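J.: Got a structure for you, questions after.
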Amino acid sequence: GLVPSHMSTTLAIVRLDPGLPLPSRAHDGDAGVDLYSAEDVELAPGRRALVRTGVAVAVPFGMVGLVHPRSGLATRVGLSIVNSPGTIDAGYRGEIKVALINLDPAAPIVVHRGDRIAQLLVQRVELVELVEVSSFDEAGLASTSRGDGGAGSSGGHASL
Amino acid sequence: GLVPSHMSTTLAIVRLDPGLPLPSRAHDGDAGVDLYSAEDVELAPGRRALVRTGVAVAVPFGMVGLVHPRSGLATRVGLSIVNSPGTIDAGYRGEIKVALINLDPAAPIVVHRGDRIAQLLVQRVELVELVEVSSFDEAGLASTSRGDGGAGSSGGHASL
Amino acid sequence: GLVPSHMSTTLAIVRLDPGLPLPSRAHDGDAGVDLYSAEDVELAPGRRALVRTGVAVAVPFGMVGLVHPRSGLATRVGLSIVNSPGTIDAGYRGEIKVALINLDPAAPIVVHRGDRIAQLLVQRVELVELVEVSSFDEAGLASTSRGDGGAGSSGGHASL
Ligand SMILES: O=c1ccn([C@H]2C[C@H](O)[C@@H](COP(=O)(O)NP(=O)(O)OP(=O)(O)O)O2)c(=O)[nH]1
Ligand SMILES: O=c1ccn([C@H]2C[C@H](O)[C@@H](COP(=O)(O)NP(=O)(O)OP(=O)(O)O)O2)c(=O)[nH]1
Ligand SMILES: O=c1ccn([C@H]2C[C@H](O)[C@@H](COP(=O)(O)NP(=O)(O)OP(=O)(O)O)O2)c(=O)[nH]1
Ligand SMILES: [Mg+2]
Ligand SMILES: [Mg+2]
Ligand SMILES: [Mg+2]
């Protein structure tokens with residue numbers, strides 16, 4: 001019960017499905033807590049599903065919850081998340097749902113209730129105030145090394 | 001006009017396409033502002049497109065802009081973003097472009113100019129200074145619970 | 001050698017493959033350092049591979065490493081990362097591996113050893129303490145504008 005971690009943050013969670021464990025970090029230091037599937041789902045190759053996790057959270061104002069795929073499933077069976085990283089807003093009070101998708105070309109993926117199918121990170125976010133300018137120069141911003149370079153401008157692959 | 005939010009950050013934006021609304025948060029607290037498509041795009045199943053948003057921003061030095069898919073489109077029509085999360089560097093002064101892709105196997109996705117097709121988050125990032133070491137032990141780092149465990153090492157699915 | 005950047009963070013790195021350059025930022029201010037492939041890989045359409053980068057890092061406790069696709073490859077050849085954003089935990093001391101996938105329907109992607117195939121960001125993360133509540137109301141949280149709205153509730157596309 002002693003906070004060693006004084007400024008570590010408290011995430012209210014409702015287990016909409018009390019049958020599932022509370023999400024937890026696999027190892028100390030891990031960035032996310034793993035989310036369970038509340039249901040059994042089979043995804044044929046290329047199919048997607050919106051899977052309930054059985055939890056609702058209250059991400060603090062000034063923060064964001066981020067739903068990330070797990071790496072093992074991604075490589076072993078081609079499981080991904082369509083909208084990755086899923087963006088859980090501070091005001092959301094609904095059930096977190098995971099948009100799983102099977103990116104394997106031939107093997108279906110079976111998800112069982114109680115499987116760990118994603119991980120939830122919480123991070124700060126900047127709640128930005130847009131300042132519309134006619135040009136960056138007019139806003140007095142110094143030019144930058146990057147400039148308008150994008151889309152592979154730095155090279156690093158034959159196709160770029 | 002009164003800043004209630006004293007340390008909230010200001011994002012210079014140029015509407016390269018003045019016909020589109022400024023990106024905005026759907027709800028108070030939302031992590032991102034939605035980006036519009038400046039153009040009409042149809043994506044057949046499996047096709048991708050680099051779609052202009054009509055905006056350029058100046059992400060502050062020490063921050064990153066992150067282009068995330070919207071969840072509704074992801075589930076309803078299989079819209080995703082190839083390079084999600086798109087990484088907008090602080091020095092970039094070009095147009096934000098969104099690499100949309102249709103991950104549905106059969107139904108095309110029609111995007112109209114003025115549709116909200118992604119969301120932009122701004123977060124701090126650590127501008128890391130690499131310190132090359134011959135080993136972590138030699139750097140005097142304590143071993144960790146995780147160690148070299150990865151790629152599903154904690155289990156949580158039959159395939160792992 | 002003078003720190004202009006006083007509070008900028010130090011990332012221990014082991015070049016497991018000393019033949020590859022240390023990851024670097026393409027431009028000042030860039031959010032990530034580019035990761036190299038340590039190996040030659042060809043991905044037929046729809047195939048994925050777990051590619052070694054030749055590096056191990058020690059992400060600081062209270063932080064996360066994030067493996068993001070590069071935008072140029074994503075658009076030019078449909079390269080993506082299955083588990084994007086890859087989540088490198090602070091305790092991980094193994095090799096960073098990148099789950100590349102070819103989302104192009106017809107053209108294979110050839111990766112050569114020494115190509116820059118992803119970028120690594122480091123960010124703070126909140127190591128959340130879950131507080132289970134029976135309801136948010138019972139936790140005394142004010143209702144929110146968003147409520148349980150999700151999954152396209154704000155509209156912005158014909159399909160929503
Ligand atoms: O979704 C995105 C991602 C990047 N961008 C722009 C801004 C970013 O600063 C720039 C480079 O992004 P990446 O580093 O992710 N791509 P890549 O490494 O291919 O390009 P470069 O070689 O220019 O760094 O491309 C977009 O417009 N949309
Ligand atoms: O892109 C990635 C993602 C993860 N990793 C390594 C470092 C990370 O700490 C570790 C576990 O990542 P995930 O938690 O995302 N995967 P999973 O939950 O399957 O593995 P584990 O059960 O070990 O947590 O795998 C990579 O090398 N590359
Ligand atoms: O992976 C996700 C992403 C979002 N969500 C919920 C919480 C988030 O606050 C809400 C809206 O997320 P998006 O803004 O990414 N989606 P979209 O813009 O389609 O919905 P809305 O129009 O409600 O903002 O949907 C999930 O349950 N899982
Ligand atoms: Mg894990
Ligand atoms: Mg939204
Ligand atoms: Mg780059």
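Just remember, in the structure tokens the first chain shown is A, the second B, etc., residues are 1-based per chain, and ligands are 1-based in the order shown.
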Mind checking which residues fall within 10 Å of residue 115 (chain C), counting only C-alpha atoms, ignoring those fewer than 5 positions away in the same chain, and posting them as JSON, numbers by chain?

T.: {"A": [155, 156, 157, 158], "C": [20, 34, 35, 36, 37, 38, 39, 40, 53, 110]}

J.: Go through chain C and flag each residue having an atom no more than 7 Å from ligand 3; for those, report the closest pair of atoms plus their distance in Å to one decimal, using only C-alpha atoms and all ligand atoms, ordered by chain and rising number, as JSON lines.

T.:
```
{"residue": "C:149", "atom": "CA", "partner": "ligand 3", "partner_atom_place_in_ligand_line": "23 (O)", "distance": 5.0}
{"residue": "C:150", "atom": "CA", "partner": "ligand 3", "partner_atom_place_in_ligand_line": "25 (O)", "distance": 3.4}
{"residue": "C:151", "atom": "CA", "partner": "ligand 3", "partner_atom_place_in_ligand_line": "20 (O)", "distance": 4.3}
{"residue": "C:152", "atom": "CA", "partner": "ligand 3", "partner_atom_place_in_ligand_line": "19 (O)", "distance": 3.0}
{"residue": "C:153", "atom": "CA", "partner": "ligand 3", "partner_atom_place_in_ligand_line": "23 (O)", "distance": 3.8}
{"residue": "C:154", "atom": "CA", "partner": "ligand 3", "partner_atom_place_in_ligand_line": "22 (O)", "distance": 3.3}
{"residue": "C:155", "atom": "CA", "partner": "ligand 3", "partner_atom_place_in_ligand_line": "22 (O)", "distance": 5.3}
```

J.: Leaving out residue 29 (chain B) and any residue of its chain fewer than 6 positions from it, which residues lie within 8 Å of it when counting only C-alpha atoms, given as a PyMOL selection string?

T.: chain A and resi 61-62+89-91+127

J.: With C-alpha atoms retained, export the selected residues as a short mmCIF file (atom, residue, chain, number, x, y, z; two decimals), in the first residue's frame.

T.:
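So the final result, stored in out_23.cif, reads:
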```cif
data_model
loop_
_atom_site.label_atom_id
_atom_site.label_comp_id
_atom_site.auth_asym_id
_atom_site.auth_seq_id
_atom_site.Cartn_x
_atom_site.Cartn_y
_atom_site.Cartn_z
CA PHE A 61 -8.13 14.64 -18.90
CA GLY A 62 -4.85 15.63 -20.55
CA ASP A 89 -10.24 9.67 -25.37
CA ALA A 90 -10.30 11.06 -21.90
CA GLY A 91 -14.07 11.58 -22.09
CA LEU A 127 -4.44 19.47 -26.04
#
```

J.: Residue 8 (chain C): which residues within 8 Å, counting only C-alpha atoms, same-chain residues fewer than 6 positions away excluded, as a VMD selection string?

T.: chain B and resid 126 to 129

J.: Write a file of the selected residues as an mmCIF file, in the first residue's frame, keeping N, CA, C and O atoms.

T.:
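In the end it all went to out.cif:
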```
data_model
loop_
_atom_site.group_PDB
_atom_site.id
_atom_site.type_symbol
_atom_site.label_atom_id
_atom_site.label_comp_id
_atom_site.auth_asym_id
_atom_site.auth_seq_id
_atom_site.Cartn_x
_atom_site.Cartn_y
_atom_site.Cartn_z
ATOM 1 N N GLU B 126 10.901 12.118 -26.496
ATOM 2 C CA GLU B 126 12.237 12.260 -25.951
ATOM 3 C C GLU B 126 13.248 12.327 -27.077
ATOM 4 O O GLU B 126 13.304 11.404 -27.869
ATOM 5 N N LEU B 127 14.004 13.407 -27.177
ATOM 6 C CA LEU B 127 15.007 13.420 -28.277
ATOM 7 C C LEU B 127 16.227 12.778 -27.624
ATOM 8 O O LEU B 127 17.044 13.190 -26.863
ATOM 9 N N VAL B 128 16.355 11.480 -27.968
ATOM 10 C CA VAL B 128 17.264 10.589 -27.259
ATOM 11 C C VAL B 128 18.685 10.795 -27.761
ATOM 12 O O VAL B 128 18.984 11.020 -28.934
ATOM 13 N N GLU B 129 19.575 10.686 -26.770
ATOM 14 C CA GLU B 129 20.970 10.663 -27.064
ATOM 15 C C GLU B 129 21.404 9.231 -26.870
ATOM 16 O O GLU B 129 21.372 8.694 -25.774
#
```

J.: Here's a check: after a least-squares fit over all in-order C-alpha atoms, write chain A in the frame of chain B, as a tab-separated table (two decimals) with C-alpha atoms, in the first residue's frame.

T.:
```tsv
chain	number	residue	atom	x	y	z
A	1	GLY	CA	-10.01	34.37	-24.85
A	2	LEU	CA	-9.04	33.72	-21.21
A	3	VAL	CA	-6.69	30.77	-20.69
A	4	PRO	CA	-8.34	29.00	-17.77
A	5	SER	CA	-4.97	25.33	-19.61
A	6	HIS	CA	-2.11	27.74	-18.90
A	7	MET	CA	0.54	25.34	-20.20
A	8	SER	CA	-1.42	24.02	-23.22
A	9	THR	CA	0.38	24.21	-26.48
A	10	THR	CA	-0.03	26.28	-29.58
A	11	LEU	CA	0.15	24.59	-32.98
A	12	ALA	CA	0.69	26.87	-35.96
A	13	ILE	CA	-1.35	25.63	-38.90
A	14	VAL	CA	-1.61	26.70	-42.50
A	15	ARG	CA	-4.74	25.76	-44.29
A	16	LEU	CA	-3.21	24.99	-47.64
A	17	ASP	CA	-6.81	24.26	-48.61
A	18	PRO	CA	-8.83	27.10	-47.08
A	19	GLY	CA	-12.07	25.37	-48.09
A	20	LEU	CA	-11.77	22.84	-45.36
A	21	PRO	CA	-12.59	23.52	-41.71
A	22	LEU	CA	-9.74	23.77	-39.26
A	23	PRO	CA	-9.18	20.39	-37.65
A	24	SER	CA	-11.03	20.10	-34.38
A	25	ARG	CA	-11.59	17.77	-31.48
A	26	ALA	CA	-14.94	15.99	-31.64
A	27	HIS	CA	-15.41	16.28	-27.86
A	28	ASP	CA	-13.64	18.10	-25.06
A	29	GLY	CA	-10.69	16.06	-23.87
A	30	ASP	CA	-10.35	14.17	-27.13
A	31	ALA	CA	-6.78	13.36	-27.85
A	32	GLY	CA	-6.73	14.44	-31.44
A	33	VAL	CA	-8.10	16.85	-33.96
A	34	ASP	CA	-9.69	15.31	-36.96
A	35	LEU	CA	-8.00	15.79	-40.30
A	36	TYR	CA	-10.03	16.27	-43.41
A	37	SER	CA	-9.46	14.88	-46.81
A	38	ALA	CA	-8.86	17.60	-49.34
A	39	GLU	CA	-9.80	15.25	-52.11
A	40	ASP	CA	-12.10	12.66	-53.40
A	41	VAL	CA	-10.54	9.22	-53.36
A	42	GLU	CA	-11.87	5.73	-54.04
A	43	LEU	CA	-9.93	2.82	-52.73
A	44	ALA	CA	-10.66	-0.61	-54.07
A	45	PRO	CA	-10.00	-3.45	-51.64
A	46	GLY	CA	-6.35	-3.60	-50.77
A	47	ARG	CA	-5.44	-0.32	-52.46
A	48	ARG	CA	-3.77	2.59	-50.78
A	49	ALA	CA	-3.56	6.27	-51.55
A	50	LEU	CA	-1.55	9.21	-50.21
A	51	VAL	CA	-4.25	11.66	-49.43
A	52	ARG	CA	-3.76	15.37	-48.93
A	53	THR	CA	-5.29	16.89	-45.85
A	54	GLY	CA	-5.03	20.51	-46.84
A	55	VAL	CA	-3.03	21.46	-43.77
A	56	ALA	CA	0.50	22.03	-42.78
A	57	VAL	CA	1.50	22.35	-39.15
A	58	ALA	CA	4.51	23.24	-37.14
A	59	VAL	CA	4.83	20.65	-34.42
A	60	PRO	CA	6.92	22.16	-31.66
A	61	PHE	CA	10.50	21.09	-31.23
A	62	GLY	CA	10.49	18.37	-28.57
A	63	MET	CA	7.12	17.12	-29.78
A	64	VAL	CA	5.71	14.86	-32.47
A	65	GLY	CA	2.51	14.89	-34.46
A	66	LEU	CA	0.86	11.51	-34.75
A	67	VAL	CA	-1.60	10.56	-37.44
A	68	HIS	CA	-4.00	7.94	-36.19
A	69	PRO	CA	-6.90	6.19	-37.94
A	70	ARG	CA	-10.40	6.83	-36.77
A	71	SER	CA	-12.02	3.84	-35.19
A	72	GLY	CA	-15.41	4.05	-36.80
A	73	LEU	CA	-14.13	3.90	-40.35
A	74	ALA	CA	-11.69	1.19	-39.35
A	75	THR	CA	-14.44	-1.12	-38.18
A	76	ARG	CA	-17.24	-0.06	-40.50
A	77	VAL	CA	-15.30	-0.14	-43.75
A	78	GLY	CA	-11.82	-1.43	-42.99
A	79	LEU	CA	-10.08	1.90	-43.48
A	80	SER	CA	-6.61	2.04	-42.08
A	81	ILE	CA	-3.38	3.96	-42.52
A	82	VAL	CA	-0.37	2.14	-43.87
A	83	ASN	CA	2.21	3.90	-41.79
A	84	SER	CA	0.04	4.30	-38.72
A	85	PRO	CA	0.79	6.01	-36.50
A	86	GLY	CA	2.03	8.58	-39.02
A	87	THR	CA	4.97	10.43	-37.52
A	88	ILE	CA	4.97	14.18	-38.16
A	89	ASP	CA	8.33	15.61	-37.26
A	90	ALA	CA	8.81	18.92	-35.58
A	91	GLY	CA	10.77	20.23	-38.58
A	92	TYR	CA	8.21	19.27	-41.18
A	93	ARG	CA	6.60	22.18	-42.90
A	94	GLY	CA	4.92	20.33	-45.71
A	95	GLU	CA	1.38	19.19	-46.18
A	96	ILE	CA	0.26	16.39	-43.91
A	97	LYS	CA	-0.55	13.43	-46.11
A	98	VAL	CA	-2.46	10.37	-45.01
A	99	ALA	CA	-1.61	6.96	-46.39
A	100	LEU	CA	-5.06	5.50	-46.42
A	101	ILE	CA	-5.56	1.87	-47.21
A	102	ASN	CA	-8.61	-0.27	-47.68
A	103	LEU	CA	-8.19	-3.44	-45.61
A	104	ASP	CA	-11.68	-4.70	-46.52
A	105	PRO	CA	-11.51	-7.66	-48.89
A	106	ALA	CA	-14.46	-6.71	-51.13
A	107	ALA	CA	-16.00	-3.28	-50.66
A	108	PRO	CA	-14.37	-0.17	-51.99
A	109	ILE	CA	-14.09	2.85	-49.73
A	110	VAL	CA	-15.14	6.20	-51.09
A	111	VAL	CA	-13.64	9.23	-49.42
A	112	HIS	CA	-15.09	12.60	-50.22
A	113	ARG	CA	-13.37	15.91	-49.90
A	114	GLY	CA	-14.33	17.23	-46.50
A	115	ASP	CA	-14.62	13.82	-44.84
A	116	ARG	CA	-12.77	13.34	-41.57
A	117	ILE	CA	-10.29	10.59	-42.36
A	118	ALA	CA	-7.76	10.59	-39.57
A	119	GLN	CA	-6.89	12.31	-36.35
A	120	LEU	CA	-3.79	14.21	-35.36
A	121	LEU	CA	-2.38	13.96	-31.88
A	122	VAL	CA	0.54	15.98	-30.56
A	123	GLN	CA	2.73	14.54	-27.88
A	124	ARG	CA	6.07	15.16	-26.34
A	125	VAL	CA	8.88	12.96	-27.48
A	126	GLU	CA	12.24	12.26	-25.95
A	127	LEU	CA	15.01	13.42	-28.28
A	128	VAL	CA	17.26	10.59	-27.26
A	129	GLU	CA	20.97	10.66	-27.06
A	130	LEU	CA	22.29	7.23	-27.83
A	131	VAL	CA	24.99	5.90	-25.63
A	132	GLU	CA	26.58	2.89	-27.24
A	133	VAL	CA	27.66	0.23	-24.72
A	134	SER	CA	29.26	-3.15	-25.29
A	135	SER	CA	26.70	-4.70	-23.01
A	136	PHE	CA	24.02	-3.56	-20.66
A	137	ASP	CA	25.83	-5.24	-17.79
A	138	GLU	CA	28.88	-3.22	-18.64
A	139	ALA	CA	26.67	-0.13	-18.52
A	140	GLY	CA	25.83	-1.10	-14.98
A	141	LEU	CA	22.16	-1.69	-15.66
A	142	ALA	CA	20.40	-4.09	-13.32
A	143	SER	CA	18.89	-7.10	-14.98
A	144	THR	CA	15.19	-6.92	-15.47
A	145	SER	CA	12.21	-9.22	-15.01
A	146	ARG	CA	11.51	-9.09	-18.68
A	147	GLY	CA	15.07	-9.71	-19.83
A	148	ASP	CA	15.14	-10.58	-23.50
A	149	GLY	CA	11.56	-11.86	-23.34
A	150	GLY	CA	9.43	-10.67	-26.21
A	151	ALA	CA	7.27	-11.84	-29.05
A	152	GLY	CA	4.52	-13.39	-26.92
A	153	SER	CA	6.77	-14.63	-24.09
A	154	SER	CA	4.08	-13.87	-21.50
A	155	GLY	CA	1.61	-16.12	-23.29
A	156	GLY	CA	-2.12	-15.28	-23.30
A	157	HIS	CA	-3.08	-17.08	-26.50
A	158	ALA	CA	-2.93	-20.70	-27.69
A	159	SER	CA	-0.48	-19.79	-30.47
A	160	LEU	CA	2.12	-18.42	-28.11
```

J.: Check the DSSP output for the backbone and give back, as a ChimeraX atom specification, the residues of chain A in helix (DSSP H, G or I).

T.: /A:71-77
